[PDB]
Ligand SMILES: Nc1nc2c(ncn2[C@@H]2O[C@H](COP(=O)(O)OP(=O)(O)OP(=O)(O)O)[C@@H](O)[C@H]2O)c(=O)[nH]1
Ligand SMILES: Nc1nc2c(ncn2[C@@H]2O[C@H](COP(=O)(O)OP(=O)(O)OP(=O)(O)O)[C@@H](O)[C@H]2O)c(=O)[nH]1
Ligand SMILES: Nc1nc2c(ncn2[C@@H]2O[C@H](COP(=O)(O)OP(=O)(O)O)[C@@H](O)[C@H]2O)c(=O)[nH]1
Ligand SMILES: Nc1nc2c(ncn2[C@@H]2O[C@H](COP(=O)(O)OP(=O)(O)O)[C@@H](O)[C@H]2O)c(=O)[nH]1
Ligand SMILES: [Mg+2]
Ligand SMILES: [Mg+2]
């Protein structure tokens, strides 16, 4: 049982730069590649005394890539696992999807083909990208297309970084997010949204890190990914594999969008302070002060939930806590799905990174749920997309690169269809 | 807890210039501006390891200001903060309030604004000026008016220097004083009088310095200001902040004029002989032989008294001495206030300035009271104002500047209304 | 006008009584001997610890 | 307006920004280290550097660098002639990137304490040049700017 | 890897370029002799963008210097950092145009530009992947405007896919040197609106009052202005040269700031800019840099931005910082003075961060705003141009050299319609 | 099982609470790090009344600080047993009330109390079965009295079925710190007579007298007085934390001491208290505790009990004592001074015995007497209130914030009716 991970764009490989640091620290692998079977799902054991990851970093600008190549993890990553284009896509979906993709994507797929050949018991792929940019959006969608053509039935866990509503760094990110969603719908089997304003509020409120950079974001996102692959990696009382999110949380082929959450996000001082128990972390995993996507599930209705538990957790109290959740009425479920939970437990507690801001906790909860507040997200993004499209602004960049008005129109009405979809299912 | 201090006039900036020497000495800051939390109420850390004061010296004649700019504290004060005009108001209230203020007050206030925006938990303001002069009186009043319309709710401590009855260095200071009070009434929340003859008699009697220059005066006035703000700067057994004088000393919205006193003002040889304890310095703080205003409190009745204690003081004996004071019958309180006192104790002893004449004593007392002798002082200034005004002397300078007779008559009746208020309150 | 002559004038007229009783900034000194510790290391007055 | 300007010795016409410039030399010693009667401002006489140790630091720096940094520019009267720009590209001194040299006693370099190396409410010189954020975080050192302040 | 080719035109372009290669050389730590003397190996990995190895660590720039008078060549090779320019890169006429656009565009161009096209081609195919071209020149002059405009035209006809950044100084009526400044400015602008991809409009009026009000200098010689402009150019290009948390190349900036192909005239600003006395007292926080960026008195153009609306804006940050404070600062400045931004575009502010502060500073920023207050600047030029044409004054110095009247009428039309469309979006 | 949460307000309350948690911690044998280090088993078995185990035997107190100045927070964090506290319960404003009851009850409370209610909520539903609340504050200050009593009202509106102990320092004329002491004490008393269940009134006057005569100390710092009150508060809640031969819970003491719902102000005393010189010359027997207990100079209020009568009284004994000795001592005391006790209530003394003394001592006792002599304190405050209010002293800093004159007239009404009914029952 192995799973290979791909990282696309400038965001993708920085998240991987923090994620693979976590994996090395959890399996006790030195940064030069050798230990001083549980690791076999991530680190293939080449030769004698050397583990080398089942991953690909890729981007079109070599800057952040060879920054990886000259960082602490020089000997750890295969020289050609990290792929690097020559020139950037530069916040342009068409540029990342038609001009530069046509020469990078073929080298990417005939590379992961032999990564899959070295693999034996592949669960699937899990991807890391952002949609605000061009490299993540354009050839990320182009790759996902050719992945679905090649394998298809293997799952595709997609952790995507949507643009935040208010906090924004780019201007054309509405266009790029829309055009990416138009393919993220029918290609990714299941997708997890990740905004940045939500995580900034988390690090400001709970962790009380007043001026956070991206590395804090990447670090605790890596903590989330580790908390939902811990089931494959380690033995637990009740482990749930990757094919479970496929089944237990996707009620319809075009409703696969999930708000994620994590608890406890607690610094080193509030740890000794607080008596960590399963009741309060199962409660705290539900208020929007701990959701990784800036939205309010008060306005929405839950469809399905999933709860990973790590550490000293017995099924008694998790069962009691979800019983108190189902009997509460501040949150509400849809009536067309009564049994709206799935559990999962693993024994090993989440480890800490030196210099990190999270403390050694006995037990942690990673909640992944589906709602209709995501239908609120897409509407709020579509409104400001129409704002720019009415005046045909910025369009000449995409058309000169090779596209036309059709893709704008069809992605606009597709998001309209998804809107009608969510409002119909929610009631 | 942060407070900023502005200095208007030639007297004010010489006083605070003694104050800041005292502050850097109290907090261990060498005049170049770097240290080899308690400081944060005055000095804001910025630049490179530099503790730059929250203060602006502003004045019209550049002689004393650039004197500061070349003195020992060249590197302390931020260069922009020392505002200097080109030509003086020249002991003319109208000239300082209408001719020259109109160009200087906007620059002063929008500096003040960015100082307050750098500030976070601003307690209040405290101003330094002598109302006899022209700039400290005129544009000082204009500055307080526009500060009151800017904030209003923030407490403003005004440490003014009134002209002595017999010892006087100007001729039109009755005109300047009357016109200065007319605004000091309805803009300052708490105003402390300190004339010069009282300090002259103190320096002659207790400190036995017989040819006292202005620095000796400014030195012990800086000791008083430092003594009543040491509760903010340092933790004490019983601390009181700047908002207390607002509540506990001002029984009526127009009766805010406070006599000051300090004890023990004692030289080195008089220290080796007197035994310094708490009961006798509490006694010493009450006779007119150690007050900072030449007035006779035996002709007046106290309204409310406040006692700051610095150094090695326990609450037992201060309660005992205050009991003895209230049981003595030489001094008397009003029939309104049975609880006519407010004590305060701080741990850090008063420091010594090398070259100063005060010895290092374990303890000190700063009394700030409220009485009706101040009502006697204002009538004293009112008489000598009316004498000169009966002949219309010196009026043509104000009229020539742009003022008229209306505000002369109305300021006159305003002090007459204040007199009637003091005579009504004392009964 | 020279530091030397300016200083020698004061060295000469230091014998005056008013010159010792009106030192412009210093104040009257009395020429009393102190016990070597009360000026700098120890402060004046009675001491009972509070802290 | 373009009229003639007084010398920097005279206290007028933007004298302050000039006195406080790096290539400016005064023919006479600073007031803090002066010593005599005769031309003592009242303020200057009574307000002197209290700490002899501070005077020692001051005098070391002043004597080693600023006292004889330049002497040719000093004229017969003792009033230094202004450096006269020659050539179109000639620049008098660095104005934009002011903290060209960091970390020392003189005013032109920063006075930072060795513990408060890089922080948010305080900094004017680069803590470390050419150190990437991702590099440092991978090395696991805590981000200096995130440290708190009272 | 990604290659910038630098081109300097005329006297203004040559001196500005000289200071430009002074700052860039310092930032890569190379001595004025031409050998590397830095410490960190962050520098050596990205000197191929601007330099080429000659022999034993000797790096020479990829620059083309262009003029007609040996006075500028000696001013190049006399001052510091002159020992590094390749002698073959000094393509060099001999007569001198001197404030005549027709000389700059038809007579001297006809035999100078073929040799510059030789060296520009040789220096272009000597590198692999061009990022584009970066040209610094003038508009009031003849040998800068004319030759630069003709080369911008010719190189855009050969390489239509590369980027093109132009730093052009425009004349202003208060600081106005020459007499035929409108005759040259209008024809250059008429060409720049079709052939230049994006322009950074500079001037000397804005630079003078910056050095008076902010830096509080006494004798602001030209060297200090060229140093300011040099600081701006370095702040623009920091992203290709250094790693960061969010890298942003030139084409990245162009797509975030150009909504319409003719709508590409920016105003530029640089921070921090503190008084010589204040320096030590000033602190370095992102709000302190933002309050100086968005201030109207810190633009390097003669256009009060509060007379119009900002369309888009970009901020390039350098130094180890926190992105949250960066983004919430842009959000606050976009929500408080909300009327000064256009309505039909949300999130008008692009941002980027690099982790290398400029040598001598801890934290820097560079502002590139596409506003609509540029039309009032071109109006102040077009109203003077239409004054002289009415009396056909100074025309002979032009009509006698090949140019006709229709070039001038075309200039009026193009100037009037572009200020019309900027006013339309206002 | 039965639960007591602790809420501290104002500077005086915070320092009293700090000493109180020191006393309780040393009684249960936990170090300031929060680990157990005692010896006997009787210590752990009842610490759920005051603590919550966090992770691996690290016990934190069930306390909530509440103030408006960081200075008090620095003092409580700096001292020993300061790190044991709960960094999230440091719910704490920033502006500062400044001895203004309107500022503690109308402006700053209006936005800080919702937070302290959240915290005190979370702390209440964390436990299973609440017994009551325990508030330490004063009646002179602003941020202690005003906000504290508004917290009292909000809590009583939320949980009306739980007990409530309030340790309140009343002002004395000879030890009078601020000037608006009557203006704060009268309004606070008006609130407590309707909201609080019972109040244990304290004052610095009686404490100074106690350390003068009996303790014979030189300098009674605040640490010593707070140590006295802390020993008293340990004594009253000892019967819950430790088994005894005759247990007396909090409600049990309430119903035995309060015959009428408004007659709930208690004068308190503690025994023994002897100078370390005279410690060797005394014995420790039940009569020796009783003669010191009923001594009028041992009350902790400036109210002479012999100036009035006792309505009821109670004595909490600690140590291996004889129950027969205890009741015969209470019987003799009641029979000898029969005039000082009320006529129409027989057996005016409730008694209880615990089997665990305080550490270092053999035997101790705590006296809580509900006597009618407390009207002298209220009369003494009310006359100061009338004297000031007749001529409207200090009235505008209250009026200009939202308070009306009707509140002051009502406060005088309620104080006057309770002192008249004390006079009635005497
Ligand atoms: N949370 C988080 N977001 C990131 C990180 N890195 C980049 N992003 C986000 O990525 C979004 C835009 O995409 P970019 O990563 O900047 O660039 P790109 O997706 O590769 O597209 P190109 O610039 O054309 O290469 C921005 O809004 C960033 O917020 C990261 O490390 N953490
Ligand atoms: N206590 C004290 N008072 C001073 C000092 N210097 C001047 N004064 C007082 O200031 C009063 C006159 O005002 P000045 O400060 O001299 O001058 P001004 O207030 O700036 O008004 P203009 O002279 O017009 O500029 C005199 O009555 C002095 O008593 C000083 O050093 N200490
Ligand atoms: N900022 C700046 N402007 C310059 C410099 N040199 C010349 N200029 C300006 O350029 C304008 C005239 O350009 P000019 O030298 O005639 O261009 P050319 O003759 O075609 O090379 C004048 O208004 C000058 O102010 C310089 O070094 N810096
Ligand atoms: N026992 C004791 N009383 C104190 C202490 N500090 C202050 N007090 C008393 O508290 C009364 C005023 O309370 P105050 O501190 O002003 O309350 P606050 O300002 O609202 O926090 C005064 O009469 C003091 O005697 C202390 O440490 N111990
Ligand atoms: Mg990217
Ligand atoms: Mg004056």
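Note that Cβ sites are derived from N, Cα and C of the backbone, with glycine treated the same way.
Annotated in Swiss-Prot:
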type    : residues                                             : note
BINDING : E:11, E:69, E:138, E:142, E:143, E:144, E:204, E:226 : GTP binding site
BINDING : E:69                                                 : Mg(2+) binding site
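Summarising the environment of residue E:69 (GTP binding site), the number of other Cβ atoms within 10 Å of its Cβ, over all protein chains shown, is 19.
Its own atom aside, the Cβ of residue E:226 (GTP binding site) has 24 Cβ atoms within 10 angstroms in the protein chains shown. Among the listed binding-site residues, namely E:142, E:144, the Cβ with the most fellow Cβ atoms inside 10 Å is that of E:144.
If you count neighbouring Cβ atoms within 10 Å for each of the binding-site residues E:11, E:138, E:143, E:204, the highest count belongs to E:143.
Chain D has no C-beta under 8 angstroms from the C-beta of any of the binding-site residues E:69, E:138, E:143, E:144.
Those binding-site residues from E:69, E:138, E:143, E:144, E:204, E:226 lying by chain C, with Cβ under 8 Å from one of its Cβ atoms: none. Residue E:204 (GTP binding site) carries neither a helix nor a strand DSSP state and counts as coil.
Classification of residue E:142 (GTP binding site) by DSSP places it in coil, neither helical nor stranded. Of all Cα pairs drawn from E:11, E:69, E:138, E:142, E:143, E:144, E:204, E:226, which the record names as binding GTP, the longest spans 23 Å.
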